[PDB]
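As a starting point, one isolated chain is supplied in structure tokens, in the form deposited in one PDB entry.
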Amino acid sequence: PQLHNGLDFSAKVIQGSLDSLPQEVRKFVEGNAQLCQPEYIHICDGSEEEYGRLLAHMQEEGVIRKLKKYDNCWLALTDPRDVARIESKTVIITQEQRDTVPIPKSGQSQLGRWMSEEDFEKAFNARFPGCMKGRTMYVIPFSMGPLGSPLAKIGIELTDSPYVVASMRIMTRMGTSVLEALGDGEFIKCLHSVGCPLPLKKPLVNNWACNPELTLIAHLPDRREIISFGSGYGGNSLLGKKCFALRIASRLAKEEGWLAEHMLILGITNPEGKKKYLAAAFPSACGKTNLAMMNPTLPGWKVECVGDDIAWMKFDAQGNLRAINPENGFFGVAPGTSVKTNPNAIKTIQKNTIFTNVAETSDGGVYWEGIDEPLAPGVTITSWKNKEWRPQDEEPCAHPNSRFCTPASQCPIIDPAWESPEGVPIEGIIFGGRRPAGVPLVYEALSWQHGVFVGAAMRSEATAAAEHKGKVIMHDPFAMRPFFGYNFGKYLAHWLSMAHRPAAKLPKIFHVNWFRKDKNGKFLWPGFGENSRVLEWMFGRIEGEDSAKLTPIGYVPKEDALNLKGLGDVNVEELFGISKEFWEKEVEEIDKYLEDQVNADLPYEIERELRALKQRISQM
């Protein structure tokens, strides 16, 4: 009801009907329309017609440019203050801090950023009232996972950014079919604003609306709400991806008995016609997308891609660990992608793809560092800063975290089961990061509990995916440090608890290091497609081959067990060398980190594996 006409927003709906929405969706839309005061409400239907109209609208406003060299591809350039996910402005709100992060022993927690409800209420009220004045509020109904999969979950994103709408169309299943599937069921409430109500108070850089000073990405798992303000970029604004599918989902997974993880999923088939599925957790900028889409160098081997970033997994009634990729496309780092580092990506991204912050060539193409591809005489480059750029300038032509956003269905090696609602059965889990020294090319964990410890102990040299810079070695347990939805100690206990399930077929757990360097600072391992030789070894180990030797850190390949035919140059001694001096320092750093950062919530089984590793190293 109403005594006037300040609550019914029907007269402002320019696509769809508030009457046709499920009751709780209408309330969520109308209540935030009352708060944010948009000029128009557009209820997305997911259609090709809508998508083409939206792209035309952004092209007219100067938000995106058409890349005339390719088929339906587009370029966006951002404000240089809004170029990446921002860990330092991302918070989780729970009544008790301990539900979000373990209470550290001495230091500040690195495992999450808690904010009280009372503080968030102040932050929210400082930001959202009136924030969409003069803009359109888009209503995005989307499904994470195949529509109707048992592991699928539905979200509603409200946003004032047409770029978010277009990107969500690629990255999720979006439109009217989701609403019909949702009915009166529950959904995750996602609210986003770039934070730039009209008339503009600050001028817009690169026609990219954002509010860097007030950027805040907040999660409220008890209310099933995600609330994000001030950034239009990637994981800050595409709320289905990191905010929903890792942070909110990892908490739901804890409650419901499954797992939501920063893992690629791939299927690999050997020359004897056998196929296995593996998942791999690497931190951002450590090569998940290269491995998920690998072109193997070994003949008779085939790799197919199920997903490159997020896995949802659950033991089924038979005890198999079944995984789905909840995304609908790939949001991959552009620079360094080339025919030699990721040829299956090159094939995927030449149609129906949105690029952000890469360089544009004068003939309507795309450029970036490491593309490894010469340009024709006369072809010039406009950098991501919208500036004439020569290979002689110090500037990169593309931002280091520039991205492509591409439909998964177009990948030439997309797995035939990538949308199966029952998921694929996972037989191995791989961990790894960037370790220039000390850590060998591959090893296999001694047991489930040791495997969980290996994940907990992950470390990786700092790169350029968040706001971290330099060549520091930081901890990133399970590749989830920016994405835990709840207390990491309880997360470890949850992983450990999977070994108590009836008829659970626990996968083997491996750790890889593509990044070991010799004294020259040169990579010991060629990597990329040659990593198929490491996968072959893992495949044999899952089948039970006697191809491992025991070391203090776990099992490594026996002499001659790795197929090195071709690269006869490889320094095997240094690639698999294990130094007592290095590993004594390594266990000490893990011990200090686990004691401070997990403290009273560290499971005894993890502390036991640390003691066991310390003892095996002392006996070297």
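One rule holds for the numbers: they count along the sequence shown, beginning at 1. The term rigid core refers to the most C-alpha atoms you can superpose between the two forms while keeping them within 1.5 Å.
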Between 522 to 530 and 200 to 208, the record assigns the higher mean Cα B factor to 200 to 208
When mean C-alpha B-factors in the record are compared for 262 to 270 and 338 to 346, the larger belongs to 338 to 346
Listed options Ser116, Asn325, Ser167, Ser237: highest C-alpha B factor recorded at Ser116
The largest CA temperature factor among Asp476, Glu427, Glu213, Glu304 is found at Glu213
On the chain's distribution of Cα B-factors, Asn32 falls within the third called lowest
The third of the chain into which the C-alpha temperature factor of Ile606 falls is the lowest
Chain-relative C-alpha B factor for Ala465 (record values, thirds): the highest
Binned into thirds over the chain's modelled residues, the C-alpha B-factor of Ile14 lands in the lowest
Binned into thirds over the chain's modelled residues, the C-alpha B-factor of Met137 lands in the lowest
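The discussion below concerns the form deposited in another entry, not included here.
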Only one of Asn386, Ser149, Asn295, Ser362 passes the 2 Å C-alpha shift threshold between this form and the one not shown with the rigid core fixed, namely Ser149
*Would you say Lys105 moves between this form and the one not shown, meaning its CA shifts by 2 Å or more once the core is fitted?*
yes
